[PDB]
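Worksheet: one structure, shown below.
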Amino acid sequence: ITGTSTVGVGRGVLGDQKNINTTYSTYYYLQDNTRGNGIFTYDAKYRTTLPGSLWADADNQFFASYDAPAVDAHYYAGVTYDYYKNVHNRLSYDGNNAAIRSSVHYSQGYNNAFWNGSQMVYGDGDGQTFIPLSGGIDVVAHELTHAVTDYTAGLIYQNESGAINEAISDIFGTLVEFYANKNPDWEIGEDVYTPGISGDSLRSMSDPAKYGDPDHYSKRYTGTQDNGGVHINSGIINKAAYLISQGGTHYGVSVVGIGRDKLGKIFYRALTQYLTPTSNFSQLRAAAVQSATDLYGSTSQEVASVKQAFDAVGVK
Ligand SMILES: CC(C)[C@H](Cc1cn(Cc2ccc(C(=O)O)cc2)nn1)C(=O)N[C@@H](CCCCN)C(=O)O
Ligand SMILES: [Ca+2]
Ligand SMILES: [Ca+2]
Ligand SMILES: [Ca+2]
Ligand SMILES: [Ca+2]
Ligand SMILES: [Zn+2]
């Protein structure tokens, strides 16, 4: 909508207060004009038609409980925008400042979130399994990273390329969480999963096995569920990425960690310059090696740590 840029205030899902960029034109809309061609958050109103109505509020204060998922969806899209711009020099998900749109209050008691090819969608959770999923910055960045991948490598959402697609989203979801630096970890979705159970999550990058995900190529799922297990076999890549950053010994294979930022530079480059829609695991290894090479030199620790990590998860 056409109107004047302003700043609203409200509370997110976890009860935290934050300012949000809005647009005024009779009502205050969740439209952020300070980032690229804009960040727009919508109300799906418990239904599934998308995107719904551009979020509208009479007084620019968003402290209702109904407001919280939109507050966080909107704010964390902005944070994720900032990560990609400041850290990888990338403008929005298409690299050309595409408008970022999100809808919240999708369906009823919907325990999930997703990128539908054109926008982010967030359920409110059933309240026991999940709380509104936009309360999770790793979730928000996971979903926007799916748009990044779709505009770059275009990894097909099936089998090994689909597992890579997933890992990429968990990896930058996590790097963005660290970036915001609020209770960061290598777990996914912990902030909005099972409010009544502390310490769990949907997936663990540091120890995928925690939730039954493989942490080695010899443990890969080869059935047809989950698109050929894209959320399952992603643990093999998540584990490699964790090792590259943090280091460790895994099934007897030692990795020297090079830290999060270099992990991020290497995988961003692999994603945007080498990976293709049908890249498999072994191809990912060669892309990451070439990326590390480009960035740090063939003889680097960096290159050597990337090899160690993939050796440790059995990917040659
Ligand atoms: C953290 C978050 C990003 C997420 C987690 C997620 C949510 N669900 C549903 C779900 C529902 C109930 C339980 C339970 O323990 O009772 C667990 C999981 N399964 N996985 C997830 O990974 N969602 C998918 C959804 C889009 C997938 C496209 N097919 C994705 O973004 O890849
Ligand atoms: Ca209000
Ligand atoms: Ca966290
Ligand atoms: Ca996390
Ligand atoms: Ca929990
Ligand atoms: Zn995903």
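For the structure tokens, the naming scheme is as follows: chains receive sequential letters (A, B, ...) according to their order of presentation, residues are indexed from 1 within each chain, and ligands are indexed from 1 in presentation order.
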
Which polymer residues have any atom within 10 Å of an atom of segment 227-241 of chain A, counting only C-alpha atoms, with same-chain residues fewer than 4 positions away left out, as a PyMOL selection string? chain A and resi 157-171+186+203-209+211-223+245-247+250+255+257+260+263-264+267+281+284-285+306-315

Selection near residue 51 of chain A, 7 Å with only C-alpha atoms, sequence-local residues under 3 positions removed, as a PyMOL selection string: chain A and resi 42+44+103

Okay, now the selection with C-alpha atoms, as a CSV table (one decimal), in the first residue's frame?
chain,number,residue,atom,x,y,z
A,42,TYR,CA,-0.4,-10.9,6.1
A,44,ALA,CA,-4.6,-15.7,6.8
A,103,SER,CA,1.2,-15.0,6.1

Find the residues around residue 9 of chain A up to 6 Å (only C-alpha atoms counted), leave out those fewer than 2 positions away in its own chain, and share them as a ChimeraX atom specification. /A:18-20,61

Contacts with ligand 1 at most 6 Å, only C-alpha atoms and all ligand atoms counted, listed as a list in words: residues 111, 112, 113, 114, 129, 139, 142, 143, 188, 189 and 202 of chain A

Please provide the set of residues having any atom within 9 Å of residue 66 of chain A, restricted to only C-alpha atoms, with same-chain residues fewer than 4 positions apart removed, written as number ranges by chain. A: 62, 70, 105

Just write the chosen residues, C-alpha atoms, as a JSON list (two decimals), in the first residue's frame.
[["chain", "number", "residue", "atom", "x", "y", "z"],
["A", 62, "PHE", "CA", 0.83, -4.86, 18.56],
["A", 70, "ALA", "CA", 2.67, -11.37, 12.89],
["A", 105, "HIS", "CA", -2.59, -17.62, 11.38]]

Would you list the residues that come within 7 Å of ligand 4? Count only C-alpha atoms and all ligand atoms and give the answer as an NGL selection string. :A and (138 or 174 or 177 or 184-190)

Okay, now the selection with N, CA, C and O atoms, as a PDB file, in the first residue's frame?
ATOM      1  N   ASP A 138      14.974 -19.296  13.802  1.00  0.00           N
ATOM      2  CA  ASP A 138      15.606 -20.266  12.895  1.00  0.00           C
ATOM      3  C   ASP A 138      14.573 -20.781  11.902  1.00  0.00           C
ATOM      4  O   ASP A 138      14.846 -21.038  10.730  1.00  0.00           O
ATOM      5  N   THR A 174      20.177 -21.503  11.162  1.00  0.00           N
ATOM      6  CA  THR A 174      21.036 -21.474  12.337  1.00  0.00           C
ATOM      7  C   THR A 174      22.019 -20.313  12.308  1.00  0.00           C
ATOM      8  O   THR A 174      22.260 -19.650  13.321  1.00  0.00           O
ATOM      9  N   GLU A 177      20.112 -17.232  13.310  1.00  0.00           N
ATOM     10  CA  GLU A 177      19.926 -17.245  14.758  1.00  0.00           C
ATOM     11  C   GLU A 177      21.173 -16.791  15.501  1.00  0.00           C
ATOM     12  O   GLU A 177      21.133 -15.985  16.448  1.00  0.00           O
ATOM     13  N   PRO A 184      21.442 -18.618  20.743  1.00  0.00           N
ATOM     14  CA  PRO A 184      21.709 -19.399  19.535  1.00  0.00           C
ATOM     15  C   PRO A 184      22.140 -20.822  19.865  1.00  0.00           C
ATOM     16  O   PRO A 184      22.735 -21.099  20.903  1.00  0.00           O
ATOM     17  N   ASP A 185      21.838 -21.720  18.941  1.00  0.00           N
ATOM     18  CA  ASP A 185      22.194 -23.122  19.074  1.00  0.00           C
ATOM     19  C   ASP A 185      22.226 -23.755  17.680  1.00  0.00           C
ATOM     20  O   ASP A 185      21.960 -23.042  16.706  1.00  0.00           O
ATOM     21  N   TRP A 186      22.537 -25.038  17.638  1.00  0.00           N
ATOM     22  CA  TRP A 186      22.568 -25.829  16.413  1.00  0.00           C
ATOM     23  C   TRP A 186      21.386 -26.797  16.355  1.00  0.00           C
ATOM     24  O   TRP A 186      21.414 -27.827  15.684  1.00  0.00           O
ATOM     25  N   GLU A 187      20.329 -26.439  17.073  1.00  0.00           N
ATOM     26  CA  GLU A 187      19.045 -27.116  17.030  1.00  0.00           C
ATOM     27  C   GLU A 187      18.073 -26.266  16.209  1.00  0.00           C
ATOM     28  O   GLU A 187      18.293 -25.064  16.052  1.00  0.00           O
ATOM     29  N   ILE A 188      17.028 -26.910  15.709  1.00  0.00           N
ATOM     30  CA  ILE A 188      16.050 -26.263  14.852  1.00  0.00           C
ATOM     31  C   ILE A 188      14.652 -26.256  15.471  1.00  0.00           C
ATOM     32  O   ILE A 188      14.129 -27.344  15.722  1.00  0.00           O
ATOM     33  N   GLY A 189      14.096 -25.070  15.684  1.00  0.00           N
ATOM     34  CA  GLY A 189      12.726 -24.870  16.086  1.00  0.00           C
ATOM     35  C   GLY A 189      12.483 -24.924  17.581  1.00  0.00           C
ATOM     36  O   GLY A 189      11.325 -24.925  18.006  1.00  0.00           O
ATOM     37  N   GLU A 190      13.540 -24.971  18.381  1.00  0.00           N
ATOM     38  CA  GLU A 190      13.418 -25.133  19.822  1.00  0.00           C
ATOM     39  C   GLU A 190      12.553 -24.066  20.475  1.00  0.00           C
ATOM     40  O   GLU A 190      11.885 -24.319  21.483  1.00  0.00           O
TER      41      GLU A 190
END

Measuring atom to atom with only C-alpha atoms and all ligand atoms, identify which of A:193, A:24, A:46, A:63 is nearest to ligand 3.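 Under the stated criterion, the closest residue is A:193.
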
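Coordinates place atom CA of residue 262 of chain A at a distance of 8.8 Å from atom CA of residue 244 of chain A.
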
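If you look at atom CA of residue 84 of chain A and atom CA of residue 180 of chain A, they are 12.3 Å away from each other.
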
Excluding residue 92 of chain A and residues on its chain fewer than 6 positions from it, collect all residues at most 12 Å away from it, counting only C-alpha atoms, and give them as a ChimeraX atom specification. /A:35-39,77-86,98-101,141,144-145,147-149,151

Please identify which residues in segment 51-299 of chain A DSSP calls strand (DSSP E or B) from the backbone, and express them as a ChimeraX atom specification. /A:53-54,56-57,61-62,100-106,113-115,120-123,130,187-188,193,203-204,248-250,253-255

Using only C-alpha atoms, which residues sit within 9 Å of residue 55 of chain A once same-chain residues fewer than 4 positions away are excluded, as JSON, numbers by chain? {"A": [28, 29, 30, 31, 40, 41, 42, 43, 70, 103]}

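Each of A:200, A:294, A:32, A:150 was checked against residue 94 of chain A using only C-alpha atoms; the smallest atom-to-atom distance is that of A:150.
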
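Here the question is which of A:125, A:136, A:95, A:173 gets nearest to ligand 6 using only C-alpha atoms and all ligand atoms, and that residue is A:173.
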
Could you check how far atom CA of residue 279 of chain A sits from atom CA of residue 225 of chain A, in Å to one decimal? 19.9 Å

Name the closest residue to ligand 6 among the candidates A:266, A:286, A:275, A:140; distances are taken between atoms, counting only C-alpha atoms and all ligand atoms.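 Comparing A:266, A:286, A:275, A:140 against ligand 6, the winner is A:140.
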
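With only C-alpha atoms as the basis for measurement, A:176 is the residue among A:176, A:270, A:54, A:256 that approaches residue 76 of chain A most closely.
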
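Proximity ranking of A:154, A:128, A:68, A:116 relative to residue 104 of chain A places A:68 first, based on only C-alpha atoms.
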
Mind running chain A against ligand 5 at 8 Å and telling me each contacting residue's nearest atom pair with the distance in Å (one decimal), counting only C-alpha atoms and all ligand atoms, chain and number ascending, as JSON lines?
{"residue": "A:190", "atom": "CA", "partner": "ligand 5", "partner_atom_place_in_ligand_line": "1 (Ca)", "distance": 5.9}
{"residue": "A:191", "atom": "CA", "partner": "ligand 5", "partner_atom_place_in_ligand_line": "1 (Ca)", "distance": 7.1}
{"residue": "A:192", "atom": "CA", "partner": "ligand 5", "partner_atom_place_in_ligand_line": "1 (Ca)", "distance": 6.9}
{"residue": "A:193", "atom": "CA", "partner": "ligand 5", "partner_atom_place_in_ligand_line": "1 (Ca)", "distance": 4.5}
{"residue": "A:194", "atom": "CA", "partner": "ligand 5", "partner_atom_place_in_ligand_line": "1 (Ca)", "distance": 3.7}
{"residue": "A:195", "atom": "CA", "partner": "ligand 5", "partner_atom_place_in_ligand_line": "1 (Ca)", "distance": 4.7}
{"residue": "A:196", "atom": "CA", "partner": "ligand 5", "partner_atom_place_in_ligand_line": "1 (Ca)", "distance": 5.9}
{"residue": "A:197", "atom": "CA", "partner": "ligand 5", "partner_atom_place_in_ligand_line": "1 (Ca)", "distance": 4.2}
{"residue": "A:198", "atom": "CA", "partner": "ligand 5", "partner_atom_place_in_ligand_line": "1 (Ca)", "distance": 4.5}
{"residue": "A:199", "atom": "CA", "partner": "ligand 5", "partner_atom_place_in_ligand_line": "1 (Ca)", "distance": 5.9}
{"residue": "A:200", "atom": "CA", "partner": "ligand 5", "partner_atom_place_in_ligand_line": "1 (Ca)", "distance": 5.0}
{"residue": "A:201", "atom": "CA", "partner": "ligand 5", "partner_atom_place_in_ligand_line": "1 (Ca)", "distance": 6.3}
